[PDB]
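Take a look at the structure set out below.
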2 protein chains.
Amino acid sequence: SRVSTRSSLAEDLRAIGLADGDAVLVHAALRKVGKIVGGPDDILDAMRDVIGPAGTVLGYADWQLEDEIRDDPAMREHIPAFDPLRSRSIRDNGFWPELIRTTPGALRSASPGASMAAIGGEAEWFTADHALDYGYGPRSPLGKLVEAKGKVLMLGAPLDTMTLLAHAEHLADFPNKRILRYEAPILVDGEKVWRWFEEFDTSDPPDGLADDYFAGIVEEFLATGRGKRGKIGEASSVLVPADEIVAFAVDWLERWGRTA
Amino acid sequence: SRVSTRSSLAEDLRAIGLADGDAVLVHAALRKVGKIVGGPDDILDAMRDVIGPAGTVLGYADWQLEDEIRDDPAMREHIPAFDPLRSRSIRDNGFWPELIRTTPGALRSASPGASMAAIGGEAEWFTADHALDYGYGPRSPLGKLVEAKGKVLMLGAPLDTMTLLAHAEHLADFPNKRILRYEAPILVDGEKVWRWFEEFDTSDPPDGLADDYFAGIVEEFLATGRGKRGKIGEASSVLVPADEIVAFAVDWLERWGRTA
Ligand SMILES: CC(C)(COP(=O)(O)OP(=O)(O)OC[C@H]1O[C@@H](n2cnc3c(N)ncnc32)[C@H](O)[C@@H]1OP(=O)(O)O)[C@@H](O)C(=O)NCCC(=O)NCCS
Ligand SMILES: CC(C)(COP(=O)(O)OP(=O)(O)OC[C@H]1O[C@@H](n2cnc3c(N)ncnc32)[C@H](O)[C@@H]1OP(=O)(O)O)[C@@H](O)C(=O)NCCC(=O)NCCS
Ligand SMILES: CN[C@@H]1[C@@H](O[C@H]2O[C@H](CO)[C@@H](N)[C@H](O)[C@H]2O)O[C@H]2C[C@@H](N)[C@@H](O[C@H]3[C@H](O)[C@@H](O)[C@H](N)C[C@@H]3N)O[C@@H]2[C@@H]1O
Ligand SMILES: CN[C@@H]1[C@@H](O[C@H]2O[C@H](CO)[C@@H](N)[C@H](O)[C@H]2O)O[C@H]2C[C@@H](N)[C@@H](O[C@H]3[C@H](O)[C@@H](O)[C@H](N)C[C@@H]3N)O[C@@H]2[C@@H]1O
Ligand SMILES: [Cl-]
């Protein structure tokens, strides 16, 4: 029965630990926030108020081409190329990355399935030079979030949607990492070309693990007393430092893979 | 029962009457088109291929401020002012105006409740200088649609959502037109100010007619033979000359006003 404002959301964000100059990747379930006077745009505006102009807000866009269409040779010349300026975010990830992507000023990185939207003082740097292959590795917004000592805010989102952990999956040395190869269309100086891609499998976990095991790792991280929980509006939310939870998740995975 | 492509939708638009250099207002129910390979963006892409670069495609954006919150004094300072670059389309008009508005190169006119989104060769003209009061009058994208001799296409949409006919309500001489007055926040060169507004009532029909009466007027115009029906992908869709349906509607309303 409580309605949120740009001002009250800024206090909530400061209360969970958002600070001046932060860079924050956000995963959101916006319905959990509850009634907002100015719609969910008040959340992004509140965040920009807190972190200031030097800060950056990010979201995981991906794109909408499903595998079964991509793999259907009949529709091959009817599939539109991925275009960081025009391709819309995968709807599976909710409105939040679309909200960012279509805010004037936002930029969107180049590696389609891993592509990120960002707005703020380092939006250019965070989206620049996104490797097409292994796009969850060091040459990616996720690696740059670790380098920048950014944060990840789960805004009512289930903890297994923390995509930053796919970057730990990339770094961790464990046996039998599944490698995925696929063909997708992209623009090379404004013209459509089909390109072969390669990356570590993000869609399914390492064999032996439950499909939602990212959530277990996050809770085990919060159990050490690092990170913070809080209400953003009415959404139960989590804020964690990106570098710490990736080091935690790397050795969680490296230790598990040794037992096999 | 089949998939539509940017090229399949292209030939469907040419058969309804879309032609080179056209400027067309679109009201859409996109779930009625069926499955499209590259999503509803393939619709707007097709149209811009049919009409060519001099063409122009429009949508009725409006905005999301709710009367209730607007008229709550306690919420006054928390209302985001209307911003033609940022305030999102009213969701009751469907995704289509948002689809246009969030396309790079697209423009949005200044008068909030009557705001229109536009992309194409004449997008700057169709959106320039939209009057804040009586925003369905002559100083309006709908007035310019008549002057440009454009078209309207109901793309699976209920024919009573044809907003151009509100422009016929502004123009037609019939007694007891209901004037609406309200205060609303608007961005004036980046700064929010509350401004009083007035216009003819678009939210309820003139006292004496059914709510969906716009619809019966449309198909009656179709009985004259001066419209064209046809299926866009899977959607039953109507295309109509703008200048003629206004005159047909104006005379309809003025003639009916005397009987009353
Ligand atoms: C799946 C998931 C998104 C569902 O969350 P949800 O709250 O149900 O859906 P969304 O987050 O899209 O938010 C919905 C709110 O959009 C607002 N919204 C959407 N578009 C809007 C618009 N154009 N204008 C105003 N509001 C809009 C609404 O409040 C809509 O709610 P309503 O339609 O019920 O009114 C959530 O559980 C989740 O998993 N989030 C994280 C996803 C992620 O980042 N995944 C990474 C890869 S694993
Ligand atoms: C109310 C009305 C809009 C409902 O239409 P609808 O087809 O059910 O809904 P929309 O037209 O918004 O289109 C829905 C399709 O959006 C696609 N779409 C929406 N957003 C998308 C996105 N971001 N990315 C990819 N696809 C998206 C989907 O196919 C969505 O369907 P799904 O959610 O079932 O998959 C329609 O009946 C109507 O009355 N239209 C006319 C509105 C108008 O012009 N009013 C004028 C003022 S009175
Ligand atoms: C860990 N579980 C996740 C699942 O959870 C969601 O669906 C479940 C269905 O039972 C629900 N129980 C659960 O509540 C809900 O959150 O959603 C699927 C969606 C699917 N397109 C893919 O996305 C991945 C992309 O394929 C990949 O490209 C991207 N990099 C990462 C995406 N997560 O894999 C995830 C993953 O399997
Ligand atoms: C006449 N019907 C319309 C309704 O759609 C539905 O109407 C009937 C129910 O009422 C249904 N039977 C019908 O299937 C369906 O089309 O949507 C509402 C949405 C509301 N924001 C307002 O928009 C108006 C704006 O408020 C106003 O600012 C603008 N100028 C004109 C808009 N129509 O009034 C319309 C109008 O009442
Ligand atoms: Cl995918």
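Here Cβ is always computed from backbone atoms with ideal geometry, including for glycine, and neighbour counts include all displayed protein chains. Every number in this text was worked out from the coordinates using simple rules, so none of it is lab data.
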Checklist line | Check: the protein assembly as shown dipole with +1 on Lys, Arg Cβ and -1 on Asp, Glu Cβ, in debye | finding: 80 debye
Check: Expressed as a whole number of Å, what is the distance separating the alpha-carbon centroids of the stretch B:77-146 and the stretch B:210-249?
Finding: 23 Å
Next item on the list: Can you bin the stretch B:79-159 into rounded, prolate or oblate? Criterion: square roots of the alpha carbon gyration tensor eigenvalues sorted a ≥ b ≥ c, rounded for a/c under 1.5, prolate for a/b above b/c, oblate for the rest.
Entry: rounded
Item checked: 15 Å beta-carbon shell around A:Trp256, net charge (K/R +1, D/E -1) -> -3
Notebook entry, point to check: Name the chain B residue with the Cβ nearest the axis that maps B onto A: which is it, and what is the distance in angstrom?
Noted result: B:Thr102, 2
Notebook entry, point to check: For the pair A:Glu11 and B:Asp189, what calculated FRET efficiency results from E = 1/(1 + (r/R0)^6), where r is the Cβ-Cβ distance and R0 = 30 Å, to the nearest 0.05?
Noted result: 0.55
Check: What are the distances, in nm and sorted shortest first, from the label point of A:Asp243 to the label points of the same position in each other copy, with each label point placed 7 Å from Cα along the Cα-to-Cβ direction?
Finding: 6.8
Note to self: Over 18 Å apart: what share of the alpha carbon pairs of the stretch B:101-242 falls there, rounded to a whole percent?
What the structure shows: 63 percent
Check: How much net charge surrounds A:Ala74 when only the other residues with a Cβ under 13 Å from the Cβ of A:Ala74 are counted, with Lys and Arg +1 and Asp and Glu -1?
Finding: -1
Item checked: Burial order of peptide ranges A:182-191, A:104-113 (average beta-carbon count within 10 Å, highest first) -> A:104-113, A:182-191
Notebook entry, point to check: Name the trypsin sites (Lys or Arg not before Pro) in the stretch B:1-61 that are in a loop by DSSP and that have at most 15 other C-beta atoms within 10 Å, would you?
Noted result: B:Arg2, B:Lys35
Next item on the list: Obtain the nm distance between the two label points defined at A:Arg76 and A:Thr224 by a simple spin-label model: each point lies 7 Å from its Cα along the Cα-to-C-beta direction.
Entry: 4.8 nm
Next item on the list: Grab the DSSP H runs of chain A that are 4 residues or longer, score each as -39,500 (n - 2.57), total them, divide by all residues and round the 222 nm result to the nearest 500 deg cm²/dmol.
Entry: -9000 deg cm²/dmol
Item checked: For B:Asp173, inter-copy label distances in nm, listed shortest first [label point 7 Å out on the Cα-Cβ vector] -> 8.9
Checklist line | Cβ-derived FRET efficiency at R0 51 Å, A:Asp129 paired with B:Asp211, nearest 0.05 | finding: 0.35
Next item on the list: Compute the Kirkwood hydrodynamic radius of chain A, taking the inverse of the mean of 1/r over all pairs of distinct Cα atoms, and give it in Å to one decimal.
Entry: 18.9 Å
Item checked: Given charges at Cβ of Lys, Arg, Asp, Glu: the stretch B:1-45 dipole, positive-most of B:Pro40, B:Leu13, B:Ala23 -> B:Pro40
Item checked: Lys pairs, chain A - Cα-Cα below 20 angstrom, 8 or more residues apart or on other chains -> 6
Margin query: Suppose each label sits 7 Å from its Cα in the direction of the beta carbon; what would the A:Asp45-A:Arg258 distance come out to in nanometres?
Written below: 5.2 nm
Next item on the list: Sort shortest first the distances from A:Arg229 to its counterpart in every other copy, using label points 7 Å along the Cα-to-beta-carbon line, and give them in nm.
Entry: 6.0
Check: Stretch A:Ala54-A:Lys35 to full length: gain in nm at 0.36 nm per residue minus the Cα-Cα span?
Finding: 4.0 nm
Item checked: Pair-distance profile P(r), taking every C-alpha pair of the protein assembly as shown, with 10 angstrom steps and integer % -> 4, 17, 25, 23, 18, 9, 4, 1, 0
Next item on the list: Evaluate the distance, in nm, between pseudo-label points positioned 7 Å from the Cα of B:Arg178 and of A:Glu198 along their respective Cα→Cβ axes.
Entry: 6.8 nm
